[PDB]
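One chain is shown next in structure tokens, namely the form deposited in one PDB entry.
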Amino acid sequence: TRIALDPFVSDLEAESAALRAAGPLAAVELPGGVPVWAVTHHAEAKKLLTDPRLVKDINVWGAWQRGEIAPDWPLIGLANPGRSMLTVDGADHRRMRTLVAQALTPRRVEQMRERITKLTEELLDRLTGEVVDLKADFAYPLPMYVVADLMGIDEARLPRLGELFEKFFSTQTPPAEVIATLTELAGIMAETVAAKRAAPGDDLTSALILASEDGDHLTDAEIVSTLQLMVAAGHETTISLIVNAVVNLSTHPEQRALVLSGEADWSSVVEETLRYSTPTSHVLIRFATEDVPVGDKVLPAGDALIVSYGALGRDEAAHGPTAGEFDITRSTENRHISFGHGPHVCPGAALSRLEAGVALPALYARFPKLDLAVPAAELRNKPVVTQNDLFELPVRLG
């Protein structure tokens, strides 16, 4: 009775309807035969996201301890990523979040507005021809230039950063390519941390060095880990938020009219795209330290849990009868949890909201008649089971 997630993501819409159907705790199978539970309703996901019995520590995974997981399993990098803020809980996690919150503040993000506006303008200036891949030519570079600038990375490095990002986020990248790419990126982060210790500035890296709580502060390895994790977590997710907003406005032309006329604000388009069409369909992975009641099922001790943000974004219990439709005018008594909830909540939420909030009005200001150059039906998801990412976004600029 276990929903196997399509690893080609041939039909996300149906799979998300199946996951919602299979009740708050759905038995699922991950690409490569690996069974896990998925929480697929909003209220139950919130309860589990704040339950300290659901931990990131892979030692708690019974299937893994019993060697029933192949060491070459394509998703192993997600299930078992090593030491970061991502994979700790309790006091160790709260220390990291406290120090990181001192550096990546709402103020620091808001102060990027003008730089993001200039980067957005420079990318729009390079758009030529009647039909473009808006993903490749606009959405894809923007978050790389922004995060490089936020982090204070030497602007001399940007031509190589584009090649390293491409290699790191590509399916096609080999094995000894993928690890040469990670090594070169960590070298750039280490060079940045050492440069900012020698010459502190107005950048996230400088702020991560300075952060402290009662004389406690991040180690170099913790700063480099944090910067790498933010690139990995923040790049393709922000791209897909911008892509999905353009796709949603293209396919709902009367709501496009409302925002372009100024009736509706762009923030309402961004928040509705996050709920209706989150870039992150599933997050791996949590493990129960004890049996955990979820509705009228039990999540057994040592079992795995993924959070199905994609499925639960359209939860009728949270958002009502229209949950299944894109409506930027909707009011919900329940804020979307597409950035997560509880201790592991996304620290980049303000930044990705600002990037999309600047990019989208800038794009429609340059090209207010822009539409899809191919029917909505021909857009295809990439073969990435956790993410809601398209191969391309063909648009007629007009």
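So that there is no doubt, residue numbering starts at 1 and follows the sequence shown.
Visitor: Pick between 171 to 179 and 310 to 318: the one whose mean CA B-factor in the entry is higher.
Guide: Stretch with the greater average CA B-factor: 171 to 179.
Visitor: Quick one: say whether 326 to 334 or 348 to 356 has the higher mean Cα B-factor in the deposited entry.
Guide: It is 326 to 334.
Visitor: Name the one of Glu68, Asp57, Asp51, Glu44 with the greatest CA B-factor according to the PDB entry.
Guide: Max CA B-factor in the entry, restricted to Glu68, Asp57, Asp51, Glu44: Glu68.
Visitor: Which one, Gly187, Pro300, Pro141, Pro81, has the peak C-alpha temperature factor per the PDB entry?
Guide: Out of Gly187, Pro300, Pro141, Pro81, the record gives the largest C-alpha B-factor to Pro81.
Visitor: Ordered by C-alpha B-factor within the chain, which third holds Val39? Give me lowest, middle or highest, please.
Guide: Its C-alpha B-factor belongs to the lowest third of this chain's values.
Visitor: Quick check on the deposited entry: does the C-alpha B-factor of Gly62 sit in the lowest, middle or highest third of its chain?
Guide: It falls in the middle third of the chain.
Visitor: Based on the entry's values, in what third of the chain does the Cα temperature factor of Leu75 lie: lowest, middle or highest?
Guide: Its C-alpha B-factor, which the entry lists for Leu75, ranks in the highest third among residues of this chain.
Visitor: Test of reading the entry: by CA B factor among the chain's modelled residues, which third contains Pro361?
Guide: Its C-alpha B-factor, which the entry lists for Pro361, ranks in the middle third among residues of this chain.
Visitor: Lowest, middle or highest third: where is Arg126 by C-alpha B factor in its chain?
Guide: It falls in the top third of the chain.
Same protein, other form: the form deposited in another entry, not shown, and the subject of what follows.
Visitor: Report the entry in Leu25, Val109, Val147, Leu360 that lies at the hinge, where the C-alphas stop fitting one rigid part best and start fitting the other, between the shown form and the other one.
Guide: Where C-alphas switch their better-fitting rigid part, the residue is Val147.
Visitor: Having a change of 3 Å or more in the C-alpha distance between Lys167 and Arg126, I'd like to know whether it is closer or farther in that other deposited form than in the form here.
Guide: It is farther: in that other deposited form, the C-alpha atoms of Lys167 and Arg126 lie at least 3 Å more apart than they do here.
Visitor: Specify closer or farther for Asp125 and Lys167: how their Cα atoms are spaced in that other deposited form versus the shown form, given a shift of 3 angstroms or more.
Guide: It is farther: the C-alpha separation of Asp125 and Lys167 rises by at least 3 Å in that other deposited form.
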